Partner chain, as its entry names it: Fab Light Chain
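Take a look at this one chain, the form deposited without the partner chain, written out in structure tokens.
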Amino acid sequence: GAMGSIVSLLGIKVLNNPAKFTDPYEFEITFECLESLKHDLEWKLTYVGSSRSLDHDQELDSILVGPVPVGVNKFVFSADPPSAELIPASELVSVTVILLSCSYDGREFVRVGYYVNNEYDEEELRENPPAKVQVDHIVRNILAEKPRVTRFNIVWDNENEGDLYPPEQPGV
């Protein structure tokens, strides 16, 4: 029973709201397994500074599921929060984007983006930013009102292995 995509993401439940930036990222995954996966599903969270990732995109945590049976699969996914040392006080007080991405045998078919409002809940700090980032007073509010879902067409089960690894190019 291969109904196109064997795994489709029904959505994600942003449990953490309101949260802090240095507060653990907790997303609950809900997806429908059409046929029991012969391979494993890898779910991960990436933190993205706005778009091009001014903080250098960072995989906070990655989980692997199996054996994954038919039906809806649902579990809470917890990712360790990013350190503000990567994003200076004036740099993490911005809206950023979280990417939840699932890879099946190396092929990523689902990457979901969520925008996060990061600000100082204290007006005095919001208006006048301190030298040292006090992330414990920085509020992370995920705009779960707008899920950005991107689907990549991959080949499930009946795929012949050839180019499953991204061409490593000499960056910098």
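Positions refer to the first chain, counted from 1.
Form solved in complex with the partner chain: not shown, discussed below.
- Contact check for residue 132: no non-hydrogen atom falls within 4.5 Å of the partner chain in the entry with it bound.
- At least one heavy atom of residue 51 is located within 4.5 Å of the partner chain in the entry with it bound.
- In the entry with it bound, the partner chain stays beyond 4.5 Å of every heavy atom belonging to residue 36.
- In the entry with it bound, residue 102 stays away from the partner chain, with no heavy atom inside 4.5 Å.
- Residues of 104-123 placing a heavy atom within 4.5 Å of the partner chain in the entry with it bound, in sequence order: 115, 117.
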